[PDB]
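Coming up is one lone chain in structure tokens, specifically the form deposited in one PDB entry.
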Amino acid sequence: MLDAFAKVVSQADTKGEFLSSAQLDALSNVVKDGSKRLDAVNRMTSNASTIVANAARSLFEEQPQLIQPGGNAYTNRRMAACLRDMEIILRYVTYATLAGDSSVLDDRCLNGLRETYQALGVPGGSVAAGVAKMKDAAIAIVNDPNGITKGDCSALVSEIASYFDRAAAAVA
């Protein structure tokens, strides 16, 4: 997998070139904004259980067919698998947030997930709706101005939202 630094390095190696001063400047900016990135990861991680649970509860209230007898999330084993999937996607989104790059989320989570769901009969459109709910809740948790030094995390939040949208699009 790549992080923001490995991405620039691997492209430079492909061309056999030293990093330019502009690329080094941009990577120095990533480091300078690293404290904000760690906050986002810690806040999302620290609220993982409620992000998953509230998003799942809202999903089932909107889509009652999922939890009726015969529904895909009926029985406790399938309900737990569903909750686990919500948590896995959130987990990999926090991974990508720490990395500043979507590669871990694409390679180890999203790649092949649509076909897995297809074979199982898991409704991926409903998973994507659950992911969007986790996105809104996680963004609001990251954006909460209480108990943190005031500043601009708009670029970070947009990056995080892009990882959520990526996960949703992979299964929608």
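For clarity, a rigid core is taken as the largest C-alpha set superposing within 1.5 Å between two forms. We number the residues from 1 along the sequence you see.
Here the subject shifts to the form deposited in another entry, a form of this protein not shown in this document.
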property: Only residue that shifts (Cα, 2 Å or more, rigid core superposed) between this form and the one not shown, among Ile141, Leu113, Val30, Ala128; result: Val30
property: CA-CA separation of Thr149 and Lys32, closer or farther in the other entry than in the form shown [shift of 3 angstroms or more]; result: closer
property: In the other entry, whether the C-alpha atoms of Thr149 and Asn29 sit closer or farther than here (change of 3 Å or more); result: closer
